[PDB]
């Protein structure tokens, strides 16, 4: 059912867990560094889990897609062909920015954070700065033990703050990925849909130095030896059975003003989906003539497709359930309620009115802000703005440097500049700069930026053509120029004739002012949000509804049972798909082009000892009523005894709108059955060495 429960909420969900079928005690699940919860890791954007004592880690194909793509070329395309390291010394680096975060400790610091916020007085900007200084100081203390990365999380609008400390593994290697026709079977047609038939899995291996401490990549590094790892289920998973997921859901907006909903539904989602679709169409055409562009732009294309389709799904979902109407009606009901308590309900009404004014302020410049952000997100402009900002920040002591530009951030900045090599083609990027400039000059006068108007010198096709021709002169297109400027000082940036760099110097003051405006607006939100969100939660509780905070990239538990859903009267989706369903979708053309060894195994009913009797085949994917969102890709699904039964990887079409308005009847997780992982790795793209390592060979 509903709920992305923080682990401190285990006493409240202990009864519900036992009732749903959990056979482990809740105390065992409460031990977050124990068995099995200690096997679950964060990737930053996805979840994973250890599945061997020698540092093997399982996650989804879409979570490893980036790593797979980095190691691919047009002539050796691992996305299409798969990857298999017979021995660990055959494993290839997942990239310098790949991470495995292993939970060490959580701490409530709510009281200290609210003090530090209070000490800045009735000044909005000053309030943001004070929270930032408190966070930086706290992280600096927590990171003094070498090998750890800490993160501060704000829950429920700032009502609670917690500090997480994680062992940061920085040498991650690819060990196995199935061919893309398995790992991403159905492609973008089946994405966000059920029935689903996708082998959505892949394996990494985690490494540390010979002394046991984390370290960046080195042939001297050895496999990390996790204290806990999961075991594959020995009991077959069936309809009705208990399942639970622990992972790192990223963001939900279930506590939100109606007007925040309306802006997102009527502007944000359609605008972004539109722009992502236009860029997909461009890169798609270029990649049809140019295999280098196709492989290099593959991970970016997977993102655009996934996000645009998610957004189309959310919009259709809103129409289906009348989300705008529900948000309007529950807002009236809450405001009614607060007024009805006269005196004691006044702080929340004040907050509501403030939050509402803050929205309208964002709304005034929405178009300018998004267009400028995405423009500066193209590769050469992104690099130049990032690198110039860093030179600016390095002039200040480290404690005053903006987050993302402190010493602790240098490894990721450097890593990104190297990774960009496998993701950039000048001729393609010029077309993306073009697209965004064409969109910028479409903007009305009041949504313009002076510094950009000036750099451009006009509002026509000629100014664009001239702008592109100028930028084509940059030397930031090579990894070595980028790393040169990573080290250079501000004065060198200010002297440069590289035109990407000149752009960045030209616009940086505007970007710094926009940033202050945003931090000021955030300081005001910080006064008002906690108060109002506390009231929404009180209202919810008084209505007997489930109360848990919106997702914020921290660890959550969700639980429930294997079950289908009924999208329409007269029909039902069943909980499992099967092998025979994979082959019925075969067309011989991408994305429905399974490997021959798969088509043959299925025809000859070679079920490898993995068949589930109740469905008469090896199961492929299944549905359940767990409540996951972006970030939970890769999370282990555990059965009543804590054993691995699958990996979470998607949601059904009608689920995605639950980000704003939760619908129990149509909200399901799509998971890949652990038996299909096994089956693929026995009969289709074999990895007997990995099976042996996980005690299932």
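Positions refer to the first chain, counted from 1.
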query: 599-607 versus 438-446 - which carries the larger mean C-alpha B factor in the record; finding: 438-446
query: Comparing 541-549 with 447-455, the one whose average Cα B-factor in the PDB entry is higher; finding: 447-455
query: Peak C-alpha temperature factor (PDB record), options 213, 422, 173, 482; finding: 213
query: Which of 642, 646, 634, 26 ranks first by CA B-factor in the deposited coordinates; finding: 26
query: Chain-relative CA temperature factor third for residue 303; finding: lowest
query: Relative C-alpha B-factor of residue 674, binned into the chain's lowest, middle or highest third; finding: lowest
query: B-factor third for the C-alpha atom of residue 401 within its chain; finding: middle
query: Residue 189 CA temperature factor, ranked by third within the chain; finding: lowest
query: Chain-wide C-alpha B factor ranking for residue 243, given as lowest, middle or highest third; finding: lowest
